[PDB]
$ cat protein-v2.cif   # mmCIF, C-alpha atoms
data_data
#
loop_
_atom_site.group_PDB
_atom_site.id
_atom_site.type_symbol
_atom_site.label_atom_id
_atom_site.label_comp_id
_atom_site.auth_asym_id
_atom_site.auth_seq_id
_atom_site.Cartn_x
_atom_site.Cartn_y
_atom_site.Cartn_z
ATOM 1 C CA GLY A 1 -7.217 28.097 14.597
ATOM 2 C CA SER A 2 -7.587 24.489 13.475
ATOM 3 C CA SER A 3 -5.375 21.445 12.918
ATOM 4 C CA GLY A 4 -5.826 18.035 11.323
ATOM 5 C CA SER A 5 -5.340 15.382 13.996
ATOM 6 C CA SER A 6 -6.863 12.359 12.261
ATOM 7 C CA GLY A 7 -5.799 11.293 8.782
ATOM 8 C CA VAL A 8 -5.092 8.415 6.410
ATOM 9 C CA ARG A 9 -1.734 6.635 6.510
ATOM 10 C CA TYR A 10 0.472 5.187 3.770
ATOM 11 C CA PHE A 11 2.072 1.737 3.872
ATOM 12 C CA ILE A 12 4.273 0.167 1.198
ATOM 13 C CA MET A 13 3.356 -3.438 0.408
ATOM 14 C CA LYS A 14 5.712 -5.434 -1.814
ATOM 15 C CA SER A 15 4.578 -8.434 -3.861
ATOM 16 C CA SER A 16 6.866 -11.298 -4.875
ATOM 17 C CA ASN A 17 4.951 -11.860 -8.113
ATOM 18 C CA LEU A 18 2.161 -10.171 -10.072
ATOM 19 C CA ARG A 19 -0.376 -13.005 -10.060
ATOM 20 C CA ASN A 20 -0.544 -12.942 -6.260
ATOM 21 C CA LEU A 21 -1.714 -9.348 -6.693
ATOM 22 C CA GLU A 22 -4.402 -10.353 -9.190
ATOM 23 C CA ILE A 23 -6.239 -12.067 -6.335
ATOM 24 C CA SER A 24 -6.602 -8.654 -4.696
ATOM 25 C CA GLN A 25 -7.965 -7.264 -7.963
ATOM 26 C CA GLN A 26 -10.616 -9.969 -8.317
ATOM 27 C CA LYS A 27 -11.312 -11.188 -4.782
ATOM 28 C CA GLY A 28 -10.797 -7.675 -3.451
ATOM 29 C CA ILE A 29 -8.588 -8.737 -0.554
ATOM 30 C CA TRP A 30 -4.932 -8.949 0.472
ATOM 31 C CA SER A 31 -2.873 -10.960 2.960
ATOM 32 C CA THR A 32 0.335 -9.493 4.383
ATOM 33 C CA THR A 33 2.860 -10.666 6.973
ATOM 34 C CA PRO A 34 1.532 -10.860 10.557
ATOM 35 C CA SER A 35 4.470 -8.645 11.523
ATOM 36 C CA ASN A 36 3.058 -5.591 9.748
ATOM 37 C CA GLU A 37 -0.656 -6.284 10.191
ATOM 38 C CA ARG A 38 -1.086 -4.562 13.556
ATOM 39 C CA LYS A 39 -0.475 -1.100 12.100
ATOM 40 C CA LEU A 40 -2.876 -1.673 9.204
ATOM 41 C CA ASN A 41 -5.429 -2.724 11.821
ATOM 42 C CA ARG A 42 -4.901 -0.056 14.481
ATOM 43 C CA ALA A 43 -4.296 2.713 11.944
ATOM 44 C CA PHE A 44 -7.515 1.726 10.174
ATOM 45 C CA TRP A 45 -9.255 2.194 13.524
ATOM 46 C CA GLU A 46 -7.318 5.319 14.498
ATOM 47 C CA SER A 47 -7.523 6.765 10.986
ATOM 48 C CA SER A 48 -10.270 7.570 8.481
ATOM 49 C CA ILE A 49 -8.600 5.591 5.697
ATOM 50 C CA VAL A 50 -5.519 3.463 5.026
ATOM 51 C CA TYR A 51 -3.690 3.872 1.718
ATOM 52 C CA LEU A 52 -1.574 0.859 0.759
ATOM 53 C CA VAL A 53 0.735 1.268 -2.235
ATOM 54 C CA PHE A 54 1.244 -2.179 -3.761
ATOM 55 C CA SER A 55 4.339 -2.945 -5.836
ATOM 56 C CA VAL A 56 5.835 -6.059 -7.429
ATOM 57 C CA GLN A 57 9.458 -6.753 -6.510
ATOM 58 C CA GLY A 58 10.175 -7.603 -10.135
ATOM 59 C CA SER A 59 8.387 -4.965 -12.199
ATOM 60 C CA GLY A 60 10.110 -1.616 -11.769
ATOM 61 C CA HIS A 61 6.764 0.158 -11.489
ATOM 62 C CA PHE A 62 4.076 0.753 -8.862
ATOM 63 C CA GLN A 63 1.306 -1.826 -9.249
ATOM 64 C CA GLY A 64 -0.845 0.931 -7.780
ATOM 65 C CA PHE A 65 -2.546 1.562 -4.446
ATOM 66 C CA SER A 66 -5.681 0.564 -2.537
ATOM 67 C CA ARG A 67 -7.401 1.995 0.538
ATOM 68 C CA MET A 68 -8.178 -0.546 3.261
ATOM 69 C CA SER A 69 -11.908 -1.283 3.414
ATOM 70 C CA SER A 70 -11.957 -3.941 6.134
ATOM 71 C CA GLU A 71 -9.837 -4.952 9.127
ATOM 72 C CA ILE A 72 -7.520 -7.965 9.260
ATOM 73 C CA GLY A 73 -8.759 -11.252 10.683
ATOM 74 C CA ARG A 74 -12.499 -11.803 10.340
ATOM 75 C CA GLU A 75 -11.818 -11.788 6.598
ATOM 76 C CA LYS A 76 -10.345 -15.012 5.215
ATOM 77 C CA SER A 77 -9.577 -16.330 1.730
ATOM 78 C CA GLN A 78 -8.253 -19.455 0.012
ATOM 79 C CA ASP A 79 -6.682 -18.661 -3.359
ATOM 80 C CA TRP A 80 -3.122 -17.470 -2.745
ATOM 81 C CA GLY A 81 0.488 -17.931 -3.808
ATOM 82 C CA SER A 82 2.212 -18.001 -0.426
ATOM 83 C CA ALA A 83 0.598 -20.283 2.154
ATOM 84 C CA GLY A 84 2.643 -18.532 4.825
ATOM 85 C CA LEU A 85 -0.116 -16.083 5.723
ATOM 86 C CA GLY A 86 -2.285 -15.151 8.690
ATOM 87 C CA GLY A 87 -4.994 -12.516 8.508
ATOM 88 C CA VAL A 88 -6.693 -11.422 5.293
ATOM 89 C CA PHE A 89 -8.395 -8.066 4.742
ATOM 90 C CA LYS A 90 -10.264 -6.192 2.010
ATOM 91 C CA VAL A 91 -8.850 -3.350 -0.087
ATOM 92 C CA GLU A 92 -10.342 -0.704 -2.374
ATOM 93 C CA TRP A 93 -8.461 -0.487 -5.674
ATOM 94 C CA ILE A 94 -8.306 3.044 -7.076
ATOM 95 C CA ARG A 95 -5.629 2.995 -9.776
ATOM 96 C CA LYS A 96 -4.492 -0.110 -11.657
ATOM 97 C CA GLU A 97 -2.147 1.699 -14.045
ATOM 98 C CA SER A 98 1.613 1.134 -13.891
ATOM 99 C CA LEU A 99 3.413 4.313 -12.830
ATOM 100 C CA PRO A 100 7.091 4.715 -13.811
ATOM 101 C CA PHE A 101 9.470 5.354 -10.912
ATOM 102 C CA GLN A 102 10.835 8.328 -12.850
ATOM 103 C CA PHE A 103 7.616 10.038 -11.765
ATOM 104 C CA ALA A 104 8.184 9.373 -8.064
ATOM 105 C CA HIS A 105 11.949 9.673 -8.520
ATOM 106 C CA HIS A 106 11.815 13.122 -6.922
ATOM 107 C CA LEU A 107 9.692 11.958 -3.987
ATOM 108 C CA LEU A 108 11.513 10.587 -0.942
ATOM 109 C CA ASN A 109 10.882 9.334 2.594
ATOM 110 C CA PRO A 110 12.486 11.420 5.373
ATOM 111 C CA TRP A 111 11.262 8.743 7.780
ATOM 112 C CA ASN A 112 13.985 6.289 6.764
ATOM 113 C CA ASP A 113 17.260 8.045 5.955
ATOM 114 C CA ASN A 114 15.423 10.281 3.485
ATOM 115 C CA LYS A 115 15.491 7.334 1.081
ATOM 116 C CA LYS A 116 13.494 7.406 -2.155
ATOM 117 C CA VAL A 117 9.873 6.356 -1.645
ATOM 118 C CA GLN A 118 10.123 3.179 -3.721
ATOM 119 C CA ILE A 119 13.010 2.294 -1.410
ATOM 120 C CA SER A 120 10.730 0.788 1.236
ATOM 121 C CA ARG A 121 10.542 -2.734 2.659
ATOM 122 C CA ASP A 122 7.312 -4.719 2.984
ATOM 123 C CA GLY A 123 5.049 -3.293 5.672
ATOM 124 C CA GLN A 124 6.997 -0.050 5.988
ATOM 125 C CA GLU A 125 5.343 3.128 7.267
ATOM 126 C CA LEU A 126 5.305 5.914 4.678
ATOM 127 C CA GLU A 127 5.113 9.572 5.708
ATOM 128 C CA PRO A 128 1.677 11.083 4.960
ATOM 129 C CA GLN A 129 3.479 14.034 3.376
ATOM 130 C CA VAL A 130 5.273 12.057 0.664
ATOM 131 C CA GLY A 131 2.688 9.293 0.454
ATOM 132 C CA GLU A 132 0.005 11.777 -0.569
ATOM 133 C CA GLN A 133 1.931 13.559 -3.322
ATOM 134 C CA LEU A 134 2.983 10.123 -4.567
ATOM 135 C CA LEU A 135 -0.571 9.020 -5.357
ATOM 136 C CA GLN A 136 -1.700 12.149 -7.202
ATOM 137 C CA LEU A 137 0.995 11.086 -9.667
ATOM 138 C CA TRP A 138 -1.379 8.477 -11.087
ATOM 139 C CA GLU A 139 -3.552 11.456 -12.016
ATOM 140 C CA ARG A 140 -0.800 12.846 -14.244
ATOM 141 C CA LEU A 141 -0.794 9.666 -16.333
#
$ encode --input "protein-v2.cif" --output "structure tokens"
Amino acid sequence: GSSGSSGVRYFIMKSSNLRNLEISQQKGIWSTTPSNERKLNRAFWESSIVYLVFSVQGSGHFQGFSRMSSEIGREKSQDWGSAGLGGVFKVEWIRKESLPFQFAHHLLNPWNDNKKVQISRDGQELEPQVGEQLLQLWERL
């Protein structure tokens, strides 16, 4: 028969504050730790798309998600909250609505002690099985 070899991945990106995220909404870019960039880069090259679910540590909701549009490096920006950065990349914003955890309260991640999706550190790989059904949620809003 047939089988899907290539596919988009899902990475959870946490944000200290909200403002910092605004830059990604206006400038259309995002800068993450150089310890979780590789994946985003490689994956983007080994995958058709790269879904990155952004979330603010504070707010108990999902700031949303954006599919990587450009690789990390060549792209550079200035405006930012945390100077401690190295490697900026673009990102396509799909949903900007705040989704209540309650919605993704049933969804979990069997990749890390089957811990609730939300329960993911910055730059953490999210299973494509739970990361896909987690986005569609924004469609139920």
$ closest_residue --input "protein-v2.cif" --among "A:119, A:82, A:93, A:64" --to "residue 138 (chain A)" --atoms "only C-alpha atoms"
A:64
$ atom_distance --input "protein-v2.cif" --atom1 "CA of residue 7 (chain A)" --atom2 "CA of residue 20 (chain A)"
29.0 Å
$ resolve_selection --input "protein-v2.cif" --expression "the PyMOL selection byres ((chain A and resi 33) around 9)" --output "PyMOL selection string"
chain A and resi 31-32+34-37+84-87+122-123
$ closest_residue --input "protein-v2.cif" --among "A:56, A:135, A:29, A:68" --to "residue 43 (chain A)" --atoms "only C-alpha atoms"
A:68
$ resolve_selection --input "protein-v2.cif" --expression "the PyMOL selection byres ((chain A and resi 99-113) around 9)" --output "PDB file with C-alpha atoms, in the coordinates of the input"
ATOM      1  CA  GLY A  60      10.110  -1.616 -11.769  1.00  0.00           C
ATOM      2  CA  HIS A  61       6.764   0.158 -11.489  1.00  0.00           C
ATOM      3  CA  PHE A  62       4.076   0.753  -8.862  1.00  0.00           C
ATOM      4  CA  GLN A  63       1.306  -1.826  -9.249  1.00  0.00           C
ATOM      5  CA  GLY A  64      -0.845   0.931  -7.780  1.00  0.00           C
ATOM      6  CA  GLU A  97      -2.147   1.699 -14.045  1.00  0.00           C
ATOM      7  CA  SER A  98       1.613   1.134 -13.891  1.00  0.00           C
ATOM      8  CA  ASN A 114      15.423  10.281   3.485  1.00  0.00           C
ATOM      9  CA  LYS A 115      15.491   7.334   1.081  1.00  0.00           C
ATOM     10  CA  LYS A 116      13.494   7.406  -2.155  1.00  0.00           C
ATOM     11  CA  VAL A 117       9.873   6.356  -1.645  1.00  0.00           C
ATOM     12  CA  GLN A 118      10.123   3.179  -3.721  1.00  0.00           C
ATOM     13  CA  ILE A 119      13.010   2.294  -1.410  1.00  0.00           C
ATOM     14  CA  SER A 120      10.730   0.788   1.236  1.00  0.00           C
ATOM     15  CA  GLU A 125       5.343   3.128   7.267  1.00  0.00           C
ATOM     16  CA  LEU A 126       5.305   5.914   4.678  1.00  0.00           C
ATOM     17  CA  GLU A 127       5.113   9.572   5.708  1.00  0.00           C
ATOM     18  CA  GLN A 129       3.479  14.034   3.376  1.00  0.00           C
ATOM     19  CA  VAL A 130       5.273  12.057   0.664  1.00  0.00           C
ATOM     20  CA  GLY A 131       2.688   9.293   0.454  1.00  0.00           C
ATOM     21  CA  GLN A 133       1.931  13.559  -3.322  1.00  0.00           C
ATOM     22  CA  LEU A 134       2.983  10.123  -4.567  1.00  0.00           C
ATOM     23  CA  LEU A 137       0.995  11.086  -9.667  1.00  0.00           C
ATOM     24  CA  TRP A 138      -1.379   8.477 -11.087  1.00  0.00           C
ATOM     25  CA  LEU A 141      -0.794   9.666 -16.333  1.00  0.00           C
TER      26      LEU A 141
END
$ closest_residue --input "protein-v2.cif" --among "A:41, A:77, A:48, A:70" --to "residue 26 (chain A)" --atoms "all atoms listed in the file"
A:77
$ closest_residue --input "protein-v2.cif" --among "A:73, A:128, A:1, A:81" --to "residue 38 (chain A)" --atoms "only C-alpha atoms"
A:73
$ closest_residue --input "protein-v2.cif" --among "A:2, A:22, A:121, A:15" --to "residue 79 (chain A)" --atoms "all atoms listed in the file"
A:22
$ residues_near_point --input "protein-v2.cif" --point "(-14.1, -9.5, 9.3)" --cutoff "10 Å" --atoms "only C-alpha atoms" --output "ChimeraX atom specification"
/A:70-76,87-90
$ atom_distance --input "protein-v2.cif" --atom1 "CA of residue 40 (chain A)" --atom2 "CA of residue 11 (chain A)"
8.0 Å
$ closest_residue --input "protein-v2.cif" --among "A:91, A:47, A:124, A:39" --to "residue 14 (chain A)" --atoms "only C-alpha atoms"
A:124
$ atom_distance --input "protein-v2.cif" --atom1 "CA of residue 18 (chain A)" --atom2 "CA of residue 57 (chain A)"
8.8 Å
$ resolve_selection --input "protein-v2.cif" --expression "the PyMOL selection byres ((chain A and resi 52) around 6)" --output "list in words"
residues 10, 11, 12, 51, 53, 65, 66 and 67 of chain A
